[PDB]
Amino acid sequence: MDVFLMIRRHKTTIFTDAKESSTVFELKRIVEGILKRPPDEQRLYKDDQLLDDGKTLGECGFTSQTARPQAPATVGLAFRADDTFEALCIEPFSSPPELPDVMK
C-alpha cells in the first residue's frame, strides 16, 4: 500500500512514494541518496514528534488515505550537523494573492 509524502526542511521539499510496510529508517535511507546526509544525522518527524527508527509508516500515522498523491503528507526533516541536531524549521509556502473580485 504505497503512501505518498512530502519531506521538508527549511526551504527544501522532497516528493517521494514509500510503502506503508516500510520504516522511518528505510525512509531516512531514501533521504541519503537524495540529500547526501547519513541516517545518523537525520531526525524525521510527524508533526512535532520524532518518529522512531523501525516504526512502519502506517504506524507513524502516514495512512494511505492520509497521504495521498494529490494531497501528500508532510514528513519533517532536520539535520544533525556537528554538535547538535537542529530545531525543526519548515518554512511556509508563499501566501496566495487575494481572490480577484470577479471570482469572489
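Whichever C-alpha set is largest while still superposing within 1.5 Å between the two forms counts as the rigid core. Numbers for residues come from their place in the sequence shown, where the first is 1.
Across the superposed structures in 6 other deposited structures of this protein, aligned by the core, the stretch whose Cα atoms lie more distant on average is 74 to 82, chosen from 54 to 62 and 74 to 82. Annotation: of the segments 7 to 15 and 83 to 91, 83 to 91 departs further from this form in 6 other deposited structures of this protein (C-alpha atoms, root mean square over structures and residues, core superposition). Comparing 30 to 38 with 75 to 83, the stretch with the higher mean C-alpha B-factor in the PDB entry is 75 to 83. Once the C-alpha B-factors are averaged per stretch, 5 to 13 and 85 to 93 rank with 85 to 93 first. Ranked by Cα temperature factor within the chain, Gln70 sits in the lowest third according to the deposited record.
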